[PDB]
Amino acid sequence: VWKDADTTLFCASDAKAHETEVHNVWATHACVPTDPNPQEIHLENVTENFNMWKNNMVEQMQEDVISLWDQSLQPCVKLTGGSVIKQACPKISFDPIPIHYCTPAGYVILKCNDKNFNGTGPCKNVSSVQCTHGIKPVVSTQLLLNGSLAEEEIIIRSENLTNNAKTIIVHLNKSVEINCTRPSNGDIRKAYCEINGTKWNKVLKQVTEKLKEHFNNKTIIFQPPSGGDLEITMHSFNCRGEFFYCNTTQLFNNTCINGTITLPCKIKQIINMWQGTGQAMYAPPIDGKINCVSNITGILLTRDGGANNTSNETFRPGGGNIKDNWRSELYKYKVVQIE
Ligand SMILES: O=C(NC[C@H]1CCN(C2CC2)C1)C(=O)Nc1ccc(Cl)c(F)c1
Ligand SMILES: *[C@@H]1O[C@H](CO)[C@@H](O)[C@H](O)[C@H]1NC(C)=O
Ligand SMILES: *[C@@H]1O[C@H](CO)[C@@H](O)[C@H](O)[C@H]1NC(C)=O
Ligand SMILES: *[C@@H]1O[C@H](CO)[C@@H](O)[C@H](O)[C@H]1NC(C)=O
Ligand SMILES: *[C@@H]1O[C@H](CO)[C@@H](O)[C@H](O)[C@H]1NC(C)=O
Ligand SMILES: *[C@@H]1O[C@H](CO)[C@@H](O)[C@H](O)[C@H]1NC(C)=O
Ligand SMILES: *[C@@H]1O[C@H](CO)[C@@H](O)[C@H](O)[C@H]1NC(C)=O
Ligand SMILES: *[C@@H]1O[C@H](CO)[C@@H](O)[C@H](O)[C@H]1NC(C)=O
Ligand SMILES: *[C@@H]1O[C@H](CO)[C@@H](O)[C@H](O)[C@H]1NC(C)=O
Ligand SMILES: *[C@@H]1O[C@H](CO)[C@@H](O)[C@H](O)[C@H]1NC(C)=O
Ligand SMILES: *[C@@H]1O[C@H](CO)[C@@H](O)[C@H](O)[C@H]1NC(C)=O
Ligand SMILES: *[C@@H]1O[C@H](CO)[C@@H](O)[C@H](O)[C@H]1NC(C)=O
């Protein structure tokens with residue numbers, strides 16, 4: 095017998111003890127080796143209720159990533175609470191690695207295995223595991239990168255679709271590579287991201303049809319953010335330690351519903367910390383070809399209000415709350431206490 099409960103989890107990874115890469119260094123001192131032969135018991139005729147939007151696991155992973163960033167990515171100048179903190183800003187080696195989250199004795203993680211599970215409600219096929227799958231602490235906005243893919247159909251996730259204030263999580267079932275590069279040899283901060291239009295437009299079309307099922311077949315329209323900070327109005331992410339802000343206006347237009355989509359990007363040194371502490375400044379970009387090839391596995395959308403009396407539903411790319419990022423991976427997990 096068991097019951098829903100919250101306990102301090104521990105992490106596990108395959109980090110290299112000799113790697114200077116920040117993630118490997120952190121997991122080396124904060125995590126333990128992964129289990130080569132992990133056990134997984136499938137519970138038959140067992141119904142369990144999940145709620146990705148109220149999962150303490152998310153808060154804990156958030157706490158780790160914050161700690162990891164505080165120890166690895168300390169800015170030269172930190173502006174928070176009216177206070178000004180000045181420190182060293184040494185360039186580091188940055189590349190996220192899979193992090194497993196496990197439960198201690200007396201506790202076990204329940205995993206929903208329903209192909210089209212949407213994060214909330216009862217789960218028919220449930221199994222018990224000691225640790226979650228390897229999850230990369232990839233911090234980004236608008237587009238979810240290097241995440242897990244849906245096994246069957248594209249899944250729309252939301253704590254309450256009827257409420258436009260609640261962020262929407264689109265879980266893709268097919269990856270779409272996005273190639274971002276900062277050429278060496280001008281503007282050392284000017285960069286660009288290349289996406290396969292044909293591949294993207296088709297996926298975006300599938301996402302559209304999917305949204306129709308959830309919005310009574312209302313016309314689905316995409317539009318670029320109306321306002322807000324750059325971290326939200328643009329696809330912000332970290333590549334090789336550099337903060338990239340990409341203009342995603344060519345991705346979210348409703349005309350192509352076929353060549354190579356080239357997004358105008360730019361590396362920023364001054365960023366609005368996702369930890370919600372304030373502003374932080376980092377050193378200028380390093381030299382050489384800064385390139386990161388990521389797989390788009392999800393999209394964060396915010397729906398416009400005041401469209402009740404119309405047949406249109408406008409969706410814009412959003413983000414800001416990195417917790418939603420962890421939810422897109424921890425949705426099928428929950429901790430229970432055993433007795
Ligand atoms: O500034 C951001 N979000 C708004 C905060 C304010 C207060 N709040 C935190 C209490 C939870 C959300 C942000 O996401 N920055 C950001 C920075 C770097 C990257 Cl690579 C990125 F993808 C996003
Ligand atoms: C999960 O249970 C359903 C019936 O409720 C079954 O059809 C399916 O095969 C099980 N797992 C999957 C997704 O294969
Ligand atoms: C990118 O996605 C592809 C599947 O489309 C996968 O083979 C590859 O391992 C992914 N790379 C990552 C997650 O870094
Ligand atoms: C992705 O999901 C959609 C439904 O949302 C489905 O029509 C499509 O076949 C899926 N694609 C793949 C490659 O499974
Ligand atoms: C998820 O599935 C449950 C099944 O009861 C449903 O009640 C809920 O509306 C779904 N959530 C979304 C975001 O579609
Ligand atoms: C979902 O959002 C709508 C609109 O704000 C609200 O009226 C409704 O109470 C919400 N549903 C739940 C279950 O809270
Ligand atoms: C990524 O884009 C650059 C152009 O900036 C190109 O030279 C490179 O071959 C691309 N990589 C892949 C794997 O498409
Ligand atoms: C773009 O994607 C399509 C499939 O959607 C593929 O057939 C084509 O080879 C891709 N183009 C490039 C330049 O890789
Ligand atoms: C959308 O339209 C299709 C085809 O008429 C219909 O089968 C389906 O019930 C509709 N979905 C809605 C209104 O959610
Ligand atoms: C994104 O780029 C487009 C290019 O037409 C531009 O019009 C728009 O102002 C840009 N948006 C932001 C957030 O700067
Ligand atoms: C929409 O996206 C396509 C991608 O090829 C781009 O060519 C076009 O200029 C965009 N339309 C806009 C920004 O109005
Ligand atoms: C996504 O994964 C690829 C392959 O490991 C990696 O090269 C790239 O840096 C990752 N992208 C981000 C945004 O971390």
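Residue numbers (the working numbering): 95 to 433. Even for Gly, the Cβ is constructed at its ideal location relative to N, Cα and C.
Open item on the list: Among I393, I380 and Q369, whose alpha-carbon lies nearest the alpha-carbon of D158?
Closed with: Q369
Open item on the list: Measuring only the C-alpha atoms, how far is residue 69 from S388?
Closed with: There is simply no residue 69 to check, as the chain begins at 95 and stops at 433 in what is shown.
Open item on the list: My output table needs one value for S161: the three-state DSSP class, helix, strand or coil.
Closed with: helix
- [ ] Pick out whichever of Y425, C287 and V270 has its Cα sitting closest to the Cα of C333.
- [x] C287
TODO: With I326 as the anchor, note down where its beta strand (DSSP E) starts and where it stops.
DONE: It is not in any beta strand (DSSP E) - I326 instead sits in the alpha helix (DSSP H) that spans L324 to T327.
Task: Range covered by the beta strand (DSSP E) that runs through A374 - done: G372 to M375
- [ ] State the DSSP-derived secondary structure class of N118, mapped to helix, strand or coil.
- [x] helix
TODO: Using 10 angstroms around the beta-carbon of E115, count the other beta-carbons present and answer buried if the total reaches 16, otherwise exposed.
DONE: buried
- [ ] Give me the Cα-Cα distance between residue 55 and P277, rounded to the nearest whole angstrom.
- [x] Examination of residue 55 is not possible in this model, given that the chain is present from 95 through 433 alone.
Open item on the list: Please tell me whether, using a cut-off of 7 angstroms, the distance from the CB of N240 to the nearest non-hydrogen atom of ligand 3 is below it.
Closed with: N240: yes, Cβ under 7 angstroms from ligand 3.
Task: First and last residue of the uninterrupted alpha helix (DSSP H) at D418 - done: Boundaries of the alpha helix (DSSP H) harbouring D418: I416 to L424, taken from the DSSP string.
TODO: Check whether the segment 406-424 touches the segment 216-234, taking contact to mean three or more Cβ pairs, one atom from each stretch, closer than 8 angstroms.
DONE: yes
TODO: Quick one: give me the first and last residue of the beta strand (DSSP E) that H194 is part of.
DONE: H194 to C196
TODO: Could you please give me the residues that DSSP links to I262 through a beta bridge?
DONE: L395
Task: Assigned exposure category for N257 - 16 Cβ within 10 Å defines buried - done: exposed
Open item on the list: What does the Cβ neighbour count give for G215, buried or exposed, with the cut at 16 atoms within 10 Å?
Closed with: exposed
TODO: Indicate whether at least one CB of chain B lies closer than 8 angstroms to the CB of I351.
DONE: Considering every chain present, this structure includes no chain B. It has just one protein chain.
TODO: Look at the alpha carbon of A199 and the alpha carbon of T101, and state the distance between them as a whole number of angstroms.
DONE: 10 angstroms
Task: Test item: CB-CB of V119 and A106 under 8 angstroms - done: no
Task: Complete runs of the beta strand (DSSP E) confined to the segment 330-391 [at least 3 residues] - done: 336-340, 354-361, 364-366 and 372-375
Open item on the list: I need the DSSP call for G291, collapsed to helix, strand or coil.
Closed with: helix
- [ ] Specify, as a first and last residue, the run of the beta strand (DSSP E) that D98 falls within.
- [x] Per DSSP, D98 is one residue of the beta strand (DSSP E) stretching across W96 to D98.
TODO: Tell me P411's beta-bridge partners as DSSP assigns them.
DONE: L395
- [ ] Check each candidate in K296, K97 and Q373 and name the one with the smallest Cα separation from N352.
- [x] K296
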